[PDB]
Amino acid sequence: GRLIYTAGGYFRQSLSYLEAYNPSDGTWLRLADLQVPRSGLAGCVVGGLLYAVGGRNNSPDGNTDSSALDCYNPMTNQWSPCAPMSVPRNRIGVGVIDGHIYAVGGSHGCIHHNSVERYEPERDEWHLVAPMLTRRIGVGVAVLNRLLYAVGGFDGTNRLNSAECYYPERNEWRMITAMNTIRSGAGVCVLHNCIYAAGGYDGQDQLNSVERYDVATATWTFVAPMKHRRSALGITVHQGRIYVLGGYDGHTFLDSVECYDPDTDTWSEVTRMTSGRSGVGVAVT
Ligand SMILES: CC(=O)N1CCC[C@H]1C(=O)N[C@@H]1COC(=O)c2ccccc2C[S@](=O)C[C@H](C(=O)N(C)C)NC1=O
Ligand SMILES: [Cl-]
């Protein structure tokens, strides 16, 4: 029984919520709140532990970008602080290779990072790796063939359709085929050896379009669009299906959870979050 965890988010301000959805019985679990509210964070799992990486705490009285790394133990229902990153990273992308967390791009105030750093849970240490070829905030990160892909985002001036690839063994980045659509704040994940980029914002509108990268043909192909246009959505893969959680559609903060079936190329609404929010960190354990 694996659960879909949603951490933080934004609605009126940055949120502390930690909730877990059970796709089998359709139930929601209210877990221990994050010690610090955060939106624009990313979640990941290493060794059955959930990690909440970066983000920003938006409050009516002030905002603070986060360099924090926090660890949640499902067995104890406890958050424990870990070593912080070298810099705050709001609107971050995260990816796991060999139980090591890569924190990719994001912003700190006026600064749009191209820097990337890697966390080692065994040492509780962050180390900078080679920076990306492009500054990317609202970046989608996917791990495919033990390579770390950084997909779309925003560079401080322009929203990107470009994508690049990190080779951990060689410690280097290379540009790959650009997507068909410019996407900042999309849901990026890997399903059946493909990278999916669902939703996002193109500089004008929130998107419902979904495209997938096939490594063999090095091409991006459009698949069935989602029912809702959404940017700042949470995304995950559970039992061979894609789940998109919340986001912003240009008018409202969505509580909608859609599920993608690759066999039928269809999306369906599976549940609703307890409240609408955007900028959540999502992971499965
Ligand atoms: C104008 C604006 O963004 N404001 C004004 C001050 C607070 C901030 C706000 O409200 N941010 C939240 C949280 O967003 C995120 O965590 C996030 C995470 C990843 C990528 C991108 C985003 C942005 S999201 O794609 C754009 C969407 C929006 O345009 N409005 C609601 C008007 N904003 C949001 O949901
Ligand atoms: Cl924000």
# chains A, B, ... in the order shown; residues from 1 in each chain; ligands from 1

$ closest_atom_pairs --of "chain A" --to "ligand 2" --cutoff "7 Å" --atoms "only C-alpha atoms and all ligand atoms" --output "CSV"
residue,atom,partner,partner_atom_place_in_ligand_line,distance
A:39,CA,ligand 2,1 (Cl),6.5
A:40,CA,ligand 2,1 (Cl),6.1
A:56,CA,ligand 2,1 (Cl),6.8

$ residues_around --residues "residue 87 of chain A" --least-positions-apart "4" --cutoff "9 Å" --atoms "only C-alpha atoms" --output "CSV table (one decimal) with N, CA, C and O atoms, in the first residue's frame"
chain,number,residue,atom,x,y,z
A,66,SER,N,13.2,29.6,0.8
A,66,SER,CA,13.7,28.5,1.6
A,66,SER,C,14.8,27.7,1.0
A,66,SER,O,14.8,27.3,-0.2
A,67,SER,N,15.9,27.5,1.8
A,67,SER,CA,17.0,26.6,1.5
A,67,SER,C,16.8,25.3,2.3
A,67,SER,O,17.7,24.5,2.4
A,108,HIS,N,15.9,32.8,-5.8
A,108,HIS,CA,16.2,33.4,-4.5
A,108,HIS,C,16.1,34.9,-4.8
A,108,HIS,O,17.0,35.5,-5.3

$ residues_near_ligand --ligand "ligand 1" --cutoff "8 Å" --atoms "only C-alpha atoms and all ligand atoms" --output "PDB file with C-alpha atoms, in the first residue's frame"
ATOM      1  CA  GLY A   9       1.205  24.540  -1.251  1.00  0.00           C
ATOM      2  CA  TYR A  10      -0.411  27.971  -1.617  1.00  0.00           C
ATOM      3  CA  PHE A  11      -3.959  29.312  -1.054  1.00  0.00           C
ATOM      4  CA  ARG A  12      -4.089  32.954   0.200  1.00  0.00           C
ATOM      5  CA  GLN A  13      -0.581  32.152   1.589  1.00  0.00           C
ATOM      6  CA  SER A  14       1.974  29.328   1.794  1.00  0.00           C
ATOM      7  CA  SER A  39       4.781  26.731  -1.665  1.00  0.00           C
ATOM      8  CA  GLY A  40       6.884  26.153  -4.762  1.00  0.00           C
ATOM      9  CA  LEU A  41       8.721  23.289  -2.976  1.00  0.00           C
ATOM     10  CA  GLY A  55      10.131  26.662  -1.764  1.00  0.00           C
ATOM     11  CA  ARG A  56       9.024  29.980  -0.219  1.00  0.00           C
ATOM     12  CA  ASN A  58       4.443  33.596   1.623  1.00  0.00           C
ATOM     13  CA  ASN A  90      11.815  28.809  -4.662  1.00  0.00           C
ATOM     14  CA  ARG A  91       9.889  27.145  -7.602  1.00  0.00           C
ATOM     15  CA  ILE A  92      12.518  24.276  -7.444  1.00  0.00           C
ATOM     16  CA  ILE A 137      12.839  28.425 -12.061  1.00  0.00           C
ATOM     17  CA  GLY A 138       9.501  26.477 -12.225  1.00  0.00           C
ATOM     18  CA  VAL A 139      11.647  23.730 -13.747  1.00  0.00           C
ATOM     19  CA  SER A 184       7.080  27.173 -16.671  1.00  0.00           C
ATOM     20  CA  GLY A 185       5.401  25.467 -13.668  1.00  0.00           C
ATOM     21  CA  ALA A 186       4.453  22.199 -15.422  1.00  0.00           C
ATOM     22  CA  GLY A 200       2.334  24.750 -16.988  1.00  0.00           C
ATOM     23  CA  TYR A 201       2.202  28.389 -18.145  1.00  0.00           C
ATOM     24  CA  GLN A 206      -2.186  28.087 -18.067  1.00  0.00           C
ATOM     25  CA  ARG A 230      -3.107  24.019 -14.537  1.00  0.00           C
ATOM     26  CA  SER A 231       0.240  25.606 -13.613  1.00  0.00           C
ATOM     27  CA  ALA A 232       2.054  24.961 -10.324  1.00  0.00           C
ATOM     28  CA  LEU A 233       0.518  21.452 -10.152  1.00  0.00           C
ATOM     29  CA  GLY A 247      -2.516  23.914  -9.347  1.00  0.00           C
ATOM     30  CA  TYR A 248      -3.833  27.256 -10.637  1.00  0.00           C
ATOM     31  CA  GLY A 250      -5.950  31.274 -14.235  1.00  0.00           C
ATOM     32  CA  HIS A 251      -8.982  31.883 -11.975  1.00  0.00           C
ATOM     33  CA  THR A 252      -9.081  29.354  -9.154  1.00  0.00           C
ATOM     34  CA  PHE A 253      -6.791  27.176  -6.980  1.00  0.00           C
ATOM     35  CA  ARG A 277      -4.022  24.808  -3.617  1.00  0.00           C
ATOM     36  CA  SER A 278      -1.087  25.257  -6.012  1.00  0.00           C
ATOM     37  CA  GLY A 279       2.696  24.846  -5.598  1.00  0.00           C
ATOM     38  CA  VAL A 280       2.602  21.557  -3.681  1.00  0.00           C
TER      39      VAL A 280
END

$ residues_around --residues "residue 243 of chain A" --least-positions-apart "6" --cutoff "10 Å" --atoms "only C-alpha atoms" --output "PyMOL selection string"
chain A and resi 4+23+187+189+233-237+257-261+267-270+282

$ closest_residue --among "A:276, A:48, A:262, A:43" --to "residue 68 of chain A" --atoms "only C-alpha atoms"
A:43

$ select_by_dssp --residues "segment 10-203 of chain A" --states "strand (DSSP E or B)" --output "PyMOL selection string"
chain A and resi 10-11+13-14+18-22+27-30+39+42-46+49-53+56-59+62-65+69-73+78-81+90+93-97+100-104+107-108+111-112+116-120+125-128+137+140-144+147-154+159-167+172-176+184+187-191+194-198+201

$ atom_distance --atom1 "atom CA of residue 82 of chain A" --atom2 "atom CA of residue 124 of chain A"
6.6 Å

$ closest_residue --among "A:128, A:104, A:53, A:151" --to "residue 180 of chain A" --atoms "only C-alpha atoms"
A:151

$ closest_residue --among "A:69, A:223, A:101, A:182" --to "residue 204 of chain A" --atoms "only C-alpha atoms"
A:182

$ residues_around --residues "residue 102 of chain A" --least-positions-apart "4" --cutoff "6 Å" --atoms "only C-alpha atoms" --output "list in words"
residues 94, 95, 117 and 118 of chain A

$ write_last_selection --atoms "N, CA, C and O atoms" --output "PDB file, in the first residue's frame"
ATOM      1  N   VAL A  94      13.168  18.795  -8.371  1.00  0.00           N
ATOM      2  CA  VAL A  94      13.942  17.776  -7.629  1.00  0.00           C
ATOM      3  C   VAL A  94      13.904  16.425  -8.360  1.00  0.00           C
ATOM      4  O   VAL A  94      12.910  16.095  -9.010  1.00  0.00           O
ATOM      5  N   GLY A  95      14.984  15.668  -8.252  1.00  0.00           N
ATOM      6  CA  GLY A  95      15.128  14.344  -8.864  1.00  0.00           C
ATOM      7  C   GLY A  95      16.036  13.473  -8.028  1.00  0.00           C
ATOM      8  O   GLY A  95      16.970  13.990  -7.419  1.00  0.00           O
ATOM      9  N   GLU A 117      22.555  21.251  -6.933  1.00  0.00           N
ATOM     10  CA  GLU A 117      23.249  20.620  -5.820  1.00  0.00           C
ATOM     11  C   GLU A 117      22.627  19.279  -5.471  1.00  0.00           C
ATOM     12  O   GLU A 117      21.461  19.031  -5.772  1.00  0.00           O
ATOM     13  N   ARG A 118      23.428  18.409  -4.870  1.00  0.00           N
ATOM     14  CA  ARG A 118      23.107  17.009  -4.569  1.00  0.00           C
ATOM     15  C   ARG A 118      23.272  16.743  -3.095  1.00  0.00           C
ATOM     16  O   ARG A 118      24.336  17.013  -2.524  1.00  0.00           O
TER      17      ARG A 118
END

$ residues_around --residues "residue 74 of chain A" --least-positions-apart "2" --cutoff "8 Å" --atoms "only C-alpha atoms" --output "MDAnalysis selection string"
chainID A and resid 48:50 72 76:78

$ write_last_selection --atoms "C-alpha atoms" --output "PDB file, in the first residue's frame"
ATOM      1  CA  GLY A  48      10.850   5.299   2.609  1.00  0.00           C
ATOM      2  CA  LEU A  49      11.331   8.845   3.907  1.00  0.00           C
ATOM      3  CA  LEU A  50       9.612  11.825   2.312  1.00  0.00           C
ATOM      4  CA  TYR A  72       9.129  13.082   7.082  1.00  0.00           C
ATOM      5  CA  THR A  76       6.632   8.147  13.331  1.00  0.00           C
ATOM      6  CA  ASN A  77       4.552  10.979  11.748  1.00  0.00           C
ATOM      7  CA  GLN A  78       7.471  13.322  12.425  1.00  0.00           C
TER       8      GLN A  78
END

$ closest_residue --among "A:171, A:256, A:107, A:145" --to "residue 275 of chain A" --atoms "only C-alpha atoms"
A:256

$ residues_around --residues "residue 136 of chain A" --least-positions-apart "6" --cutoff "12 Å" --atoms "only C-alpha atoms" --output "PyMOL selection string"
chain A and resi 89-93+103-108+111-116+149-164+183-185

$ atom_distance --atom1 "atom CA of residue 36 of chain A" --atom2 "atom CA of residue 109 of chain A"
18.3 Å

$ residues_around --residues "residue 97 of chain A" --least-positions-apart "6" --cutoff "9 Å" --atoms "only C-alpha atoms" --output "NGL selection string"
:A and (143 or 146-148 or 168)

$ write_last_selection --atoms "N, CA, C and O atoms" --output "mmCIF file, in the first residue's frame"
data_model
loop_
_atom_site.group_PDB
_atom_site.id
_atom_site.type_symbol
_atom_site.label_atom_id
_atom_site.label_comp_id
_atom_site.auth_asym_id
_atom_site.auth_seq_id
_atom_site.Cartn_x
_atom_site.Cartn_y
_atom_site.Cartn_z
ATOM 1 N N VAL A 143 13.935 11.815 -13.848
ATOM 2 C CA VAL A 143 15.087 10.901 -13.877
ATOM 3 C C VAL A 143 14.795 9.769 -14.849
ATOM 4 O O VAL A 143 13.833 9.051 -14.682
ATOM 5 N N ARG A 146 19.126 6.939 -15.611
ATOM 6 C CA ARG A 146 20.078 7.450 -14.622
ATOM 7 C C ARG A 146 20.683 8.811 -15.063
ATOM 8 O O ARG A 146 21.819 9.163 -14.715
ATOM 9 N N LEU A 147 19.905 9.560 -15.855
ATOM 10 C CA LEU A 147 20.218 10.917 -16.301
ATOM 11 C C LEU A 147 19.162 11.799 -15.679
ATOM 12 O O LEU A 147 18.027 11.360 -15.445
ATOM 13 N N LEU A 148 19.531 13.026 -15.371
ATOM 14 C CA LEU A 148 18.625 13.989 -14.754
ATOM 15 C C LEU A 148 18.250 15.005 -15.809
ATOM 16 O O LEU A 148 19.115 15.685 -16.356
ATOM 17 N N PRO A 168 25.483 12.265 -14.575
ATOM 18 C CA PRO A 168 26.195 12.272 -13.277
ATOM 19 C C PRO A 168 27.634 11.761 -13.275
ATOM 20 O O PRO A 168 28.470 12.288 -12.536
#

$ atom_distance --atom1 "atom CA of residue 79 of chain A" --atom2 "atom CA of residue 51 of chain A"
9.0 Å

$ closest_residue --among "A:62, A:240, A:88, A:140" --to "residue 198 of chain A" --atoms "only C-alpha atoms"
A:140

$ closest_residue --among "A:239, A:54, A:249, A:209" --to "residue 24 of chain A" --atoms "only C-alpha atoms"
A:239
